[PDB]
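Student: Below you will find the structure I want to go over with you.
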Ligand SMILES: CCC(=O)SCCNC(=O)CCNC(=O)[C@H](O)C(C)(C)COP(=O)(O)OP(=O)(O)OC[C@H]1O[C@@H](n2cnc3c(N)ncnc32)[C@H](O)[C@@H]1OP(=O)(O)O
Ligand SMILES: *C(=O)CCCC[C@@H]1SC[C@@H]2NC(=O)N[C@@H]21
């Protein structure tokens, strides 16, 4: 997570394959919705966050 | 966990919410005075106040459970 | 002194992997900082280092350690604060530490990485000349 | 001439300068760089005049490719380990980038905003005489998008004579600020709660303002309305819910809530680096007395 | 009179307090003519003038100079000096609440819009949004109180009044006023040589379209 | 025997490089050896810049001439580039600044002859060395 914020959306299923440039999550912070974009193809493994949960900067959203 | 817990040993100078009040992550729950400084404790998750176990003027130990959910 | 057994052979014959971690420490760009504790803790015994005034004038690190059981005082520029510049507060911090070691015969090891003195009218008006001369 | 191609924006990237002052008769707020000392330092490092524009990158992550010529760059503010072709170079230092090389900023170890300056400045088209963007009115150059092309202006004849500036490390958590008391400090039952409280910065903070939580401030007369009055960057409003708000660079020209204090010009630029979840402490800059 | 109460507004600005908008606007013109060296901005408002300075170094010298200025008595007025209307605004009075809250003060909707059309409005202070302007010194029977609630989605060009104020919303925004009508005049546009159609110190009058 | 330096300045001779720094180090080391042994007096009569300033600081008395001598470690233009404040050499490092603010100066002479007079007055009280009695 690039910043502290609220997980307004989690966009993928546990274990789901993903392509680089798709969206994992959206965080409300800075009075703005910030998308989290997958940086490589892979499988979304152990998706550790729940919608509406608050989280703190640098926490792992998933391994990739 | 769902417990809101006191981060410090201090006295509850103000309770901001009541049980069954809806709260959102980052809303104020209580204020603790210690060392002549006053410190907020805020809700970690969206929910509604339950298990409320502190009151204004109570001196509480570090790690005291304030409320849940 | 603590009892320490000196290993035999040359300095180049006795390099540990922890010593070899120093060869890659310094960033390629002259301006990219690094934590000087990565040097201090590798040249001191057991990595053991008693920092003095850790919270004050963080652009210079001073403190005690041991080298083969001998107590030493370390005085090291810290690139991560003011790029390692000297200032009034660092100069006084290091000057009294050095004079305390010198009273009690503790050898001093200096780790130097200083681009200069910290520029500014606040330093000039507060006496960087008079108080920097303390570390000299 | 030289241009940058924006490969990645990071969470937000804005063109900024010293802003558009004096337009309060049009209702236009000054905006400009949130941390003016960092902005101006980056310009001075590249030997720009300080009104030349820079890119304010928020939470880092910005990346761009230099095309069409060599350019001198500097990055100041939040330490993002700025790098060229993956080789880091110093924050608060100049670097010379050759045609075709890639400039990248990581995530900031502390602070919030990094300013990328280029020799000759980011020469997008000015709006109302400034290249700054206002997040509240959206006046100014549009927030940068991937694939945006940024012109590099013609440089002055002066040359960069200093390789780096030493700068004090940005505080990681507790930020301590000097506040001028009032003018409306007499509106409150006990205004020294302002300096007796460890305020916590909420996730709602942005360029318009930073929103705190703490001990509620109590109005002396909670039904009292305020005639709206001028506002400035670093003014500490107290909305009637009792939680203070510190106005940022894009604050509205006039405000509706009592200003309990204003951060001294010594400290206002430190507000430009405070991230959500940091603690703030306030002290009166000189004795508050009614 | 000779000066208001003056507060430090930080170390970089000074706030002058006044009893009524005629003072604030006459003092604004006085400070504009004073050309005070080191001022960077002047912000008139509902009961105050804020002066912004190039830095803390200027605050005490400026506070000392302020005691030397005196406003021209003839410049304090509540009506236009040549009775002129500088800008005329076409408006259609399809207002959302001119009848429901306001006309119950006494004047029927037709009387409300006729008084509003027939009385000069001053362009007072400016704020809330670019090219939004607080019109003042209009007809005293129109002074319905603020709605005691926020609004939202208030249309671009929407014509409104509340308190002693009238005005036009330049864009979709969270206004707070009663709505009397609408105008298609472009209240703000950065590409117009005068981006704000209304600027403080002018006088404007609405002209009815329906 | 007392040592008088009439420092004038401009720092290290940049073309000669690091040797000028080694000679500064040697001059400072001798000022420290001499410290508390012989009276050391520094007259500042020009822009003592950079390395030239630490030697006066290590001497016992520094006499400056009011409008025409300055000391600073780093110049106004580097100060401008880093800190952004514009300052003149006189404001940054003049004799008034080193008297009233920095506390480095011991006298501010109205001219070079007045500075020489004050140095002769100082020497009239000081002994030649710590093993001698004051005159
Ligand atoms: C450790 C010590 C250092 O790092 S010193 C680094 C910076 N050195 C300086 O230049 C000192 C600071 N500079 C200044 O503020 C002024 O230039 C000083 C030197 C104090 C006064 O110079 P000013 O009276 O304006 O004369 P000017 O600039 O016209 O120069 C006259 C001639 O002097 C020479 N000069 C001067 N400083 C140095 C120096 N440090 N090394 C070598 N040469 C020096 C200039 O080159 C010039 O020679 P010429 O007459 O042009 O042939
Ligand atoms: C985000 O919540 C900060 C808002 C700061 C600007 C707004 S504008 C309308 C209110 N009036 C004022 O003076 N500040 C508030």
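Protein chains in written order, with the authors' numbering: chain U, 534 to 597; chain L, 529 to 597; chain N, 272 to 407; chain V, 2 to 291; chain W, 1 to 210; chain G, 137 to 271. Backbone N, C-alpha and C fix where the C-beta goes; we use that ideal spot for every residue, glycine too.
Are there any heavy atoms of ligand 2 lying less than 6 Å away from the beta-carbon of residue 253/V, as far as the coordinates show?
Tutor: Yes, the beta carbon of residue 253/V sits closer than 6 Å to at least one heavy atom of ligand 2.
Student: If distances are taken between C-alpha atoms only, which option among 127/W, 164/W, 182/W comes closest to residue 154/W?
Tutor: It is 182/W.
Student: By the three-class DSSP mapping on this structure, what secondary structure does residue 164/G have?
Tutor: Three-state result, residue 164/G: helix.
Student: Based on Cα-Cα distance, which residue from 262/G, 271/G, 226/G, 267/G lies nearest to residue 140/G?
Tutor: Selected option, being the one with the closest Cα: 262/G.
Student: At a Cβ threshold of 7 Å, is residue 556/L touching chain V?
Tutor: With 7 Å as the cut-off, residue 556/L counts as an interface residue toward chain V.
Student: Could you name the residues of the same chain whose beta carbon sits closer than 7 Å to that of residue 69/V, not counting the 5 residues immediately before and after it, in chain order?
Tutor: Around residue 69/V: 2, 3, 4, 100.
Student: Relative to the C-alpha of residue 357/N, which residue among 332/N, 339/N, 387/N is closest?
Tutor: Closest by alpha carbon: 387/N.
Student: At what residues does the alpha helix (DSSP H) containing residue 24/W begin and finish?
Tutor: Taken as a continuous stretch (DSSP letters only), the alpha helix (DSSP H) holding residue 24/W covers 21-34.
Student: Quick one, are the C-beta atoms of residue 118/V and residue 157/V less than 7 Å apart?
Tutor: Contact flag unset, no.
Student: Using a C-beta cutoff of 7 Å, does residue 587/U count as contacting chain L?
Tutor: At least one chain L Cβ lies under 7 Å of residue 587/U.
Student: Determine the chain U residues that contact residue 278/V at a beta-carbon separation under 7 Å, and present them in chain order.
Tutor: Those within 7 Å of residue 278/V in chain U are 537, 589.
Student: Using a Cβ-Cβ cut-off of less than 8 Å, list which residues of the region 559-570 of chain L approach chain V; keep chain order.
Tutor: Flagged, chain order: 559, 564, 565, 566, 567, 568, 570.
Student: Rounded C-beta distance between residue 78/V and residue 115/V? I'm assuming under 8 Å.
Tutor: Between residue 115/V and residue 78/V the Cβ distance is about 4 Å, and since that is below 8 Å, they are a contact.
Student: Determine the chain G residues that contact residue 163/V at a beta-carbon separation under 8 Å, and present them in chain order.
Tutor: The answer, in chain order, is 214, 217, 218.
Student: Skipping 5 residues on each side, what residues in its chain have a beta carbon closer than 7 Å to that of residue 21/V?
Tutor: Same-chain partners within the cutoff: 29, 31, 32, 129, 130, 131, 133.
Student: Out of 214/G, 186/G, 224/G, 202/G, which one is the CA nearest neighbour of residue 250/G?
Tutor: Checked all of 214/G, 186/G, 224/G, 202/G; the closest Cα to residue 250/G is 202/G.
Student: What is the DSSP secondary structure of residue 191/V, counted as helix, strand or coil?
Tutor: Residue state, collapsed to three classes: coil.
Student: Mind checking if residue 121/V is an interface residue toward chain N, Cβ cutoff 7 Å exclusive?
Tutor: No - not a single Cβ of chain N is within 7 Å of the one on residue 121/V.
Student: May I ask you to report which of helix, strand or coil DSSP gives residue 9/V?
Tutor: Note: residue 9/V maps to strand in three-state DSSP.
Student: Note down the Cα distance separating residue 33/W from residue 225/G, rounded to an integer number of angstroms.
Tutor: Distance between the alpha carbons of residue 33/W and residue 225/G: 37 Å.
Student: For a cutoff of 7 Å on Cβ pairs, would you count residue 357/N as touching chain V?
Tutor: So no, residue 357/N is outside the interface.
Student: Is the distance from the Cβ of residue 106/V to the Cβ of residue 63/V below 7 Å?
Tutor: Yes; because the gap between Cβ atoms is below 7 Å, this pair is in contact.
Student: Terminal residues of the continuous beta strand (DSSP E) containing residue 134/W?
Tutor: It spans 133-136 - the beta strand (DSSP E) in which residue 134/W sits, taken as one unbroken run.
Student: Provide the residue(s) that pair with residue 149/W in DSSP beta bridges, ordered along the chain.
Tutor: None; residue 149/W has no bridge partner.
Student: Looking only at DSSP bridge pairs, what is residue 115/V linked to?
Tutor: Paired residues: 58/V, 78/V.
Student: According to DSSP, is residue 165/V part of a helix, a strand, or is it coil?
Tutor: Looking at residue 165/V - three-state DSSP - the assignment turns out to be strand.
Student: When Cβ atoms are compared, which residues of the region 165-191 of chain G fall closer than 8 Å to chain N?
Tutor: Answer in chain order: 168, 189, 190.
Student: Indicate the three-state DSSP secondary structure (helix, strand or coil) for residue 212/V in the structure shown.
Tutor: Here residue 212/V sits in strand by DSSP.
Student: If you check the beta carbons only, do residue 553/U and residue 581/U fall under 7 Å apart?
Tutor: Against a cut-off of 7 Å, the Cβ pair of residue 581/U and residue 553/U comes out as no contact.
Student: Under the three-state reduction of DSSP, which class applies to residue 26/V: helix, strand or coil?
Tutor: Looking at residue 26/V - three-state DSSP - the assignment turns out to be helix.
Student: Could you check whether the Cβ of residue 209/V sits closer than 6 Å to any heavy atom belonging to ligand 2?
Tutor: At least one heavy atom of ligand 2 is nearer than 6 Å to the Cβ of residue 209/V, so yes.
Student: Three or more beta-carbon pairs under 8 Å between the region 163-176 of chain W and the region 116-129 of chain W, yes or no?
Tutor: Segments in contact, yes.
Student: Would the region 54-66 of chain W and the region 232-242 of chain V be scored as touching if the rule is three or more Cβ pairs under 8 Å?
Tutor: Touching, no, given that fewer than three Cβ pairs across the two stretches are closer than 8 Å.
Student: Near residue 82/W, what residues of its chain come up, given a Cβ to Cβ distance below 6 Å and the 5 sequence neighbours on each side ignored?
Tutor: None.
Student: Distance, Cα to Cα, residue 361/N vs residue 331/N?
Tutor: Approximately 6 Å between the Cα atoms of the pair.
Student: With a threshold of 6 Å (Cβ to nearest heavy atom), would residue 256/V be considered close to ligand 2?
Tutor: Yes, the Cβ of residue 256/V comes within 6 Å of a heavy atom of ligand 2.
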